[PDB]
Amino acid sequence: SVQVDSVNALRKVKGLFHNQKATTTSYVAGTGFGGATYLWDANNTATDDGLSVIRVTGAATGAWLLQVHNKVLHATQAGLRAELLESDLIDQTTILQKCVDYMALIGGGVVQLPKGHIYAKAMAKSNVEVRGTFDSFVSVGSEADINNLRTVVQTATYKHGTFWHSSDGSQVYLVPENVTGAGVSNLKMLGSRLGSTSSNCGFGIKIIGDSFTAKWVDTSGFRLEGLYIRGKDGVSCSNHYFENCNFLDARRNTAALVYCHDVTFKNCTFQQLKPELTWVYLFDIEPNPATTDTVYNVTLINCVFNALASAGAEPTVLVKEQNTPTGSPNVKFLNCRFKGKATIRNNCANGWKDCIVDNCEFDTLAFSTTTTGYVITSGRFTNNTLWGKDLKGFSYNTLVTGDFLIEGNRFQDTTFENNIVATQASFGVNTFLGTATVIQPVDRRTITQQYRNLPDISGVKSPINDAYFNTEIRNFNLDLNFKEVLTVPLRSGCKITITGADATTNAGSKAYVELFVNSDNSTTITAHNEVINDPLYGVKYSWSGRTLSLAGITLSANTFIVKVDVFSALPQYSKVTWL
């Protein structure tokens, strides 16, 4: 068994036999980082890559071949310098890319990064995850105090040990199209980068590929976004999952979804807490105009959106539906907290269909619609609390329809004064606290609109179903000829009311005439009561059996309303026949 102190020492030692074992103490002698296990290949003439092939310098052929165990490659085993400070401005892009590429060659797995600042941009490859190292965690306080005191005793919190920068202004971690199952975890990404002291790196994570996963990742200081997801036509950009991530200050948005679907954030935060670093929005779902960009099926569970006021900044969480397959962005805010200035912005030009906000908290306005005229077409705003710590309104410049349901919410000091949403939305039970404007429950949903219009038939019946009263009403344009208008049923008593409703000035119809009928199974008696019947502008009526005919007297007096009340013992005899 061969044991040397560095890769340079390995290059001076030849293997005795095929696949002899060699073990390096470190990559660079005396650092304690980068040690690995190698197998001797006497015939190898591949190019020395400082990673998988270690060519012996004192021989014409021969190499020590890296053995990766447990599908984890430590980047230090390719020569990456560990535990560097941010002031060590060393481009290690080529080394890190070698690690990702080589793991992707041998079936995927994990590229482990050490602690330290690393300036090295990487192109993700399928089924490879880049993983950092948490800094040391040392708890504070005794078990007794932790158990007995309600105050905080264990004050130590975890800290990232890996700080991943880019070598230029583009991105740190690019996930190309058709790259699937890649990931990143357990590190912090920083916007400061090689090549410029004033202009930071554009993106932390830029996702074009599919099924990306990130856990315990923070992003801070990026020139555009910490996270940016935009696929391409014809290739999947979907099934992305983020948990325990903190997308912090960025000069445009903390994060942006531009072209993707089926994305989930769980226990992640989005925070613009550096007001001196001016920015644009907080969290932005914004497909680019006049492109095939589309975003839909996004779920944010137990996330925090938090913003402090900043010069020129709009503290909004934007949802922009564009060219989605169903017409809904299917974006759900569940168990989320909007803190500081954070608020939801409807950016849907063709209306926001099925907007979902449930069990969320709002420090200020729940909705702030910048574009006048945008509408939330439908949705459910349930079990939320508007704390009213800042602004006291429900929304700014927002429009909804009756298919937007507001139910189960806690309104602390929430005012709906002069807010048209209060006359548009459906309200169920809600709780009004402090000085909140109490809105009585009111149904404005489309599914129930037939119960709110005047119906086309009206009446009442006996609980025994042997007595019925039904009333219908028709508009009649009468001329001077008698016209059959209706036939009353048998076994019924009917009252017909005829009155004018004419739009003519002076010469319109004037009449209020009651006609009465009672019939058994074959025989009919009628009677009349002319309360008002102008001899020039009134109405003429005539019975032929059970068929009523009407006529006007003067053509200008032509518009009459005819209402029928039918009393019967069975529904079959409850309605007239209109002719």
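Numbers for residues come from their place in the sequence shown, where the first is 1.
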The stretch carrying the higher mean Cα B factor in the deposited entry, 380-388 or 411-419, is 411-419
Between 193-201 and 275-283, the record assigns the higher mean Cα B factor to 193-201
Looking only at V513, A36, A527, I553, the Cα with the top B-factor belongs to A36
When the entry's CA B-factors for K332, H240, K341, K483 are compared, the highest one belongs to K483
Among the modelled residues of its chain, the C-alpha B-factor of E143 falls in the third labelled highest
For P489, the third of its chain by CA B-factor is the lowest
Among the modelled residues of its chain, the C-alpha B-factor of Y541 falls in the third labelled lowest
Among the modelled residues of its chain, the C-alpha B-factor of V531 falls in the third labelled lowest
Among the modelled residues of its chain, the C-alpha B-factor of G226 falls in the third labelled lowest
